[PDB]
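Chains as they are written, first to last, in UniProt numbering: chain F, 536 to 566, 573 to 810; chain B, 537 to 566, 571 to 810.
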Ligand SMILES: Nc1ncnc2c1ncn2[C@@H]1O[C@H](COP(=O)(O)OP(=O)(O)OP(=O)(O)O)[C@@H](O)[C@H]1O
Ligand SMILES: Nc1ncnc2c1ncn2[C@@H]1O[C@H](COP(=O)(O)OP(=O)(O)OP(=O)(O)O)[C@@H](O)[C@H]1O
Ligand SMILES: [Mg+2]
Ligand SMILES: [Mg+2]
């Protein structure tokens, strides 16, 4: 479901901040059914990024999976082209991780990875490239009910603005999420890209929400890939092996999400 | 509502302009190749306020299928621009075709076209779908009449374009007599009855060898025509004068249904 949602049917509320060329607001849609939704308002300055920001969310709308956020449609809401998608109560994971680095143990982290890998495998099967996998773009639907054992639940946000059109300056600032082959030529974006980013994303999860290579600058980030280094194993290096397998400078050596799911399940609960 | 990547769109010839649109013959690119001939309508950023209407004009035009409706492959929220991708009908608009071969077309040729048109309108009426801009221009000729092969012409109805519910009154008044009197005094009166009126006027074009009714009248003399409650003169052929008037009934509730319009057209043996 990807419809041309009208500005008349959208009510904006509180702003959740801004992002990569977007202003984020909580709102409501009127279809009569009123439904809470997330509104990513593409700034008018960067309005030329719409041909990929929304076309990607569109293809993700055609597919169905319990771990893919629902992208409802688009609005030519005035001077801005806006994305209307499902709202997630607890927001991005990268923040939730840092806010609860201690309480979050190994079992909690493992279930999240399984849920993510499931969505990535789904995308791989459907051959849909995300291009922006990261603990930021992972949204927490449900917390862990320890006393009841209820597992957490996550949903993968929309693909976003393609890295095939973003400026090279921000691509280098996005290392180690943007894989090497894409830094070399952005037109190398392929399914293998998300495997690398999955490794970087897994590092975030194991690191209690920390950010890989936050201290380095773009030039030093460029050298890390030049020297073909690898991310360090977090303080809880139970998954360190799988990270490096995904962050493999040879794209064809990065394991399929089918095999990755097996590894994750092999780690027991 | 399918979104296409701009790179896949290859502009070529320019087919003039439409209602706040620049028309281009182009190609779609899409695994080996995938070169599809298409029609490109570009909505300027100066006219971004007509986005919802310009898009919705083709959105619902595609949610259903019919052999006499043009197929819209997709659109682009291309940022600065907004583009519509639809099938390219070879021979172009019917109004022009009728004039280019005015002294060479017969009634059976014209009547066959009317039935095809009514068929499309009937399909739309059943689905509670309003076109809003029925005219010989928005009618595109797929195939010519092959006398030797004894096969008929074929046509399709293009999208409505930007809805008259948002166009300026100056445009509406100039679109008379295609805009029904009830919409000239309130565009929000647009309903299924609007198309029956517009259909009758479109038939008048067909019978007139491609000419356009009320051409030598300004928008002010056109307004008096509706105020005086006049009717369009009978065509030189004079076969469908009644059906036109029946369709162009100043009372919307009395305008016939396309179900019945098809019977009368089928009833016209000639
Ligand atoms: N679907 C959503 N539901 C709830 N909160 C969301 C949703 N999408 C984004 N957010 C919130 O947006 C903030 C982060 O936005 P973010 O930077 O990911 O936006 P963006 O423009 O999509 O970025 P990018 O395309 O670079 O990933 C966080 O508060 C996150 O909780
Ligand atoms: N689908 C099509 N296939 C082939 N030619 C087309 C098609 N649509 C338009 N054209 C050509 O474009 C010319 C002008 O187009 P037209 O005026 O119908 O555009 P428009 O933007 O749809 O306008 P309007 O909103 O006023 O109906 C037509 O005479 C015809 O030559
Ligand atoms: Mg995001
Ligand atoms: Mg048209």
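Virtual Cβ for every residue (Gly too), placed ideally from N, Cα, C.
For a test of your reading of the model: does the CB of residue i fall under 8 Å from any non-hydrogen atom of ligand 3? Yes or no.
| i | result |
| --- | --- |
| residue 690 of chain F | no |
Please determine whether the Cβ atom of residue i lies at a distance below 8 Å from any heavy atom of ligand 1.
| i | result |
| --- | --- |
| residue 622 of chain F | no |
| residue 627 of chain F | yes |
| residue 705 of chain F | no |
| residue 784 of chain F | no |
| residue 552 of chain B | no |
| residue 559 of chain F | yes |
| residue 730 of chain F | no |
| residue 642 of chain F | no |
| residue 763 of chain F | no |
| residue 680 of chain F | yes |
| residue 618 of chain F | no |
| residue 556 of chain F | yes |
Can you confirm whether residue i, when its beta carbon is compared against all beta carbons of chain B, has any partner nearer than 9 Å?
| i | result |
| --- | --- |
| residue 539 of chain F | yes |
| residue 592 of chain F | yes |
| residue 588 of chain F | yes |
| residue 599 of chain F | yes |
Please check the pair residue i and residue j, which I expect to be a contact at CB under 8 Å, by giving their CB distance rounded to whole angstroms.
| i | j | result |
| --- | --- | --- |
| residue 695 of chain F | residue 681 of chain F | 6 Å |
| residue 628 of chain B | residue 579 of chain B | 4 Å |
| residue 779 of chain B | residue 808 of chain B | 7 Å |
| residue 676 of chain F | residue 742 of chain F | 6 Å |
| residue 557 of chain B | residue 581 of chain B | 5 Å |
| residue 737 of chain B | residue 661 of chain B | Contact doesn't hold; Cβ gap of about 12 Å is too wide. |
| residue 748 of chain B | residue 617 of chain F | About 39 Å; that fails the 8 Å criterion. |
| residue 601 of chain F | residue 657 of chain F | Not a contact, Cβ separation roughly 15 Å. |
| residue 724 of chain B | residue 712 of chain B | 6 Å |
| residue 699 of chain B | residue 597 of chain B | 5 Å |
| residue 693 of chain F | residue 649 of chain F | 6 Å |
| residue 797 of chain F | residue 665 of chain F | 7 Å |
Cβ of residue i versus every heavy atom of ligand 2: is any distance shorter than 8 Å?
| i | result |
| --- | --- |
| residue 614 of chain B | no |
| residue 610 of chain B | yes |
| residue 607 of chain F | no |
| residue 636 of chain B | yes |
| residue 632 of chain B | yes |
| residue 752 of chain B | no |
| residue 581 of chain B | yes |
| residue 787 of chain F | no |
| residue 675 of chain B | yes |
Does chain F have any CB closer than 9 Å to the CB of residue i?
| i | result |
| --- | --- |
| residue 703 of chain B | no |
| residue 596 of chain B | yes |
Can you pull the chain A residues whose beta carbon is under 7 Å from the beta carbon of residue i, in chain order?
| i | result |
| --- | --- |
| residue 542 of chain B | In the structure shown, chain A does not exist; the protein chains are F and B. |
With hydrogens ignored, establish whether the beta-carbon of residue i is closer than 8 Å to any heavy atom of ligand 6.
| i | result |
| --- | --- |
| residue 708 of chain F | In the structure on display, ligand 6 does not appear, and the ligands it does have are ligand 1, ligand 2, ligand 3 and ligand 4. |
**Report entry** Interface residues of the region 601-629 of chain B facing chain F [CB-CB below 8 Å]
**Finding:** 616, 617, 618, 619, 620 and 622
Query raised in the report: Around ligand 4, which residues pass a check of Cβ closer than 7 Å to any of its heavy atoms?
Result: In chain order, the qualifying residues are B/554, B/673, B/677, B/678, B/698, B/699 and B/701.
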